[PDB]
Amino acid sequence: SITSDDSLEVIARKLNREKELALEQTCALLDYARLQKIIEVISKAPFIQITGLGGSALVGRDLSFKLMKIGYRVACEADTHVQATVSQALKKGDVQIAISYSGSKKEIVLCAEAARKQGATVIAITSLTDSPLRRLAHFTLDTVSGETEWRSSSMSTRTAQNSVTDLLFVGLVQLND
């Protein structure tokens, strides 16, 4: 989509269109009945681990700061060795929120498998493709990217992921009643 022929303005406009598409298609895929039960699940979580890698870990930590900001016990950890040990020590009733577009990055898949072995609940924020991460998840929130993989690789994907976490957070706060 974005090519070496483009002016800076066309690039600017192309980028915004990719994010707008990523937001709309992600939104269109939402099962609002399934979104609600997920929020219910997160809300009763004694402990929440949020896993990710690279740019998507920033999305997870963005959400971890917001959940801590309202009294949730949240682990979100960049060091993959440390992230893995947290997963291997989760307990039944805990919640893992796995943010990974591909669903086939080993470290993230290994952490989700460890959560399941320990009996934690796994929520995957991931792309529509059938992936090891999707097959490990109790619930899945689908993210549709709009990007040119060779140019805008961690941009509309991250916008799609941010839209899901933002919604999760607002729906959680809305459970103030």
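Counting begins at 1, following the sequence as shown.
Enquirer: Pick between 30-38 and 45-53: the one whose mean CA B-factor in the entry is higher.
Expert: Per the deposited B-factors, the answer is 30-38.
Enquirer: Among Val144, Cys111, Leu67, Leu133, where is the Cα B factor highest in this entry?
Expert: It is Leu67.
Enquirer: Among the modelled residues of its chain, does the C-alpha B-factor of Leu128 lie in the lowest, middle or highest third?
Expert: Tercile = highest for this residue's CA B-factor.
Enquirer: Can you work out whether the C-alpha temperature factor of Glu77 puts it in the lowest, middle or highest third of the chain?
Expert: For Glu77, the deposited C-alpha B-factor lands in the middle third.
Enquirer: Ranked by Cα temperature factor within the chain, is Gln88 in the lowest third, the middle third or the highest third?
Expert: Highest third - that is where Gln88 ends up once the chain's C-alpha B-factors are sorted.
Enquirer: For the chain shown, is the CA B-factor of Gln25 in the lowest, middle or highest third of its modelled residues?
Expert: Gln25: CA B-factor falls in the middle third of its chain.
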